[PDB]
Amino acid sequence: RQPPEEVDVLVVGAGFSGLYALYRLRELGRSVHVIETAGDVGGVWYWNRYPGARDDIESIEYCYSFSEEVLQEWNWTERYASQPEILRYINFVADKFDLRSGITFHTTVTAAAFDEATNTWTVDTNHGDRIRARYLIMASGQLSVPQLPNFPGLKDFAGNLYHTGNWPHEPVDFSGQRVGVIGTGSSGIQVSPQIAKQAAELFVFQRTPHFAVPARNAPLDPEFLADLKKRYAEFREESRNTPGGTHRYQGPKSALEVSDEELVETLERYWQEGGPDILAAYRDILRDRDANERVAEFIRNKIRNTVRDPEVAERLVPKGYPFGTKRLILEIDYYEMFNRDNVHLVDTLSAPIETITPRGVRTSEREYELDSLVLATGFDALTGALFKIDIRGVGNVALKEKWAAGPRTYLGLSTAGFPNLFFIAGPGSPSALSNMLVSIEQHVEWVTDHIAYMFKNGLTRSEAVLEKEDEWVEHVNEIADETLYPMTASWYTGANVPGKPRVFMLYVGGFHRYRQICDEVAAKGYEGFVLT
């Protein structure tokens, strides 16, 4: 399916972001087209097909709200939707609004350069397509370029090698195998108990332990769903008016004001309920080290109590960093897993990995022989997908160079020197710090509204004002630095790609507050942009 030679707006990516941009620009009466590397729609939910892949936000929150018909018709089945169900949802949306007619699959954007003479992007692909677009929307994701761990010998490994972010499209059979998983973030935590059910022996190679709390998944009562439907739009505006984009209770107390007994009774209640709302149990968990630590110890002790062998249990306890500052994980039978005969925790802080071998993995203490190795080693987050494209602005400035010390943006939406270019739910904005469907919807609507505004007013050039970008970047940093988030090496800071600048990339002030700023900006005719 050939892309058009010219279009008002070209969109890279057919995940949640790109698909809604396509939908909305069509409704705004703009020509629009999508380029996507994958063979079909879904983004993250197309690529991450590993067993156990699942929502970490409730199904009823992690969904599109732009269409009443979609909200009324779709029936979610569990508290936390599995990947295949999310993928059926996305397919349902794409079918309903005939989206694929606007998408070129199997195609990768390789370069894009702005032409000051015409105020347009020329965009090239790996199939040799050249498309000329007035506006360019990068809906290319946050967690979309898989990162391999940095160990030698990977290509010498004789067995089968997988990354969770590029999982095969037909079921992988691990029956009777000695299997290793490297990585114990959300992907490792989700996949490992699934593999443990097939493998003769599973070895989990943990570096820093992450905090995880129980999901307590359950079926969704159909009468609950039917009630919610009667007030769904209302329910969703409630979620938009929050820092996190969900119904999470914002606990008004300080974790330091309470007694040890009240702290325990309160956290015990969250622990039994399950899910991520414990993050907001007390207002200062992500702001005060001593407040954080009280919560952290409570979680650490629950972890100790889950695993019988206390030497194994202790190796699972997170240390060295504040609770909640690497993204919180929901676990289903992951801690319980290590009580099984056939599951072994390899502590690689104690015994670092030296090399992959043809037979398996060598640490400083011994060699582990394996038939398959699964990398749950994450992603080159936030900037990874952009940096794979040769994006050039005014004066032939490469985006990758301009951002070599960290992403530099105004509201996260655009960067000075690169006009008519917009980034969806990326650095400098709430992004993954909120329910991403709320982050995504707000960005798509703001961008596509801004674009409609340009056409309406016969303007053809939109650019962020350098001084406002610099002030935004400093603001992002200053507000991050009032939290505990910069204290820790996470993907939010880039600290998991060797050599990437260690800088907290996201806006921490909350979705609601961010959206307010955005609306004030557009209300004043896009203050901090120069439009011509």
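Residue indices: 1-based, along the sequence shown.
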{"query": "Entry-level comparison of average CA B-factors, 183-191 and 350-358, reporting the higher stretch", "finding": "350-358"}
{"query": "450-458 versus 89-97 - greater average Cα B-factor per the deposited record", "finding": "450-458"}
{"query": "From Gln83, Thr246, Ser254, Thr383, residue of greatest CA B-factor", "finding": "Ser254"}
{"query": "Per the PDB entry, maximal CA B factor within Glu78, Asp277, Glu223, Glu441", "finding": "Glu223"}
{"query": "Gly320 CA temperature factor, ranked by third within the chain", "finding": "highest"}
{"query": "Where the record places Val12 (Cα B-factor, split into thirds across the chain)", "finding": "lowest"}
{"query": "Assigned third (lowest, middle, highest) for the C-alpha B factor of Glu69", "finding": "highest"}
{"query": "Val503, C-alpha B-factor rank within chain (lowest, middle or highest third)", "finding": "middle"}
{"query": "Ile479 by Cα B-factor - lowest, middle or highest third of the modelled chain", "finding": "middle"}
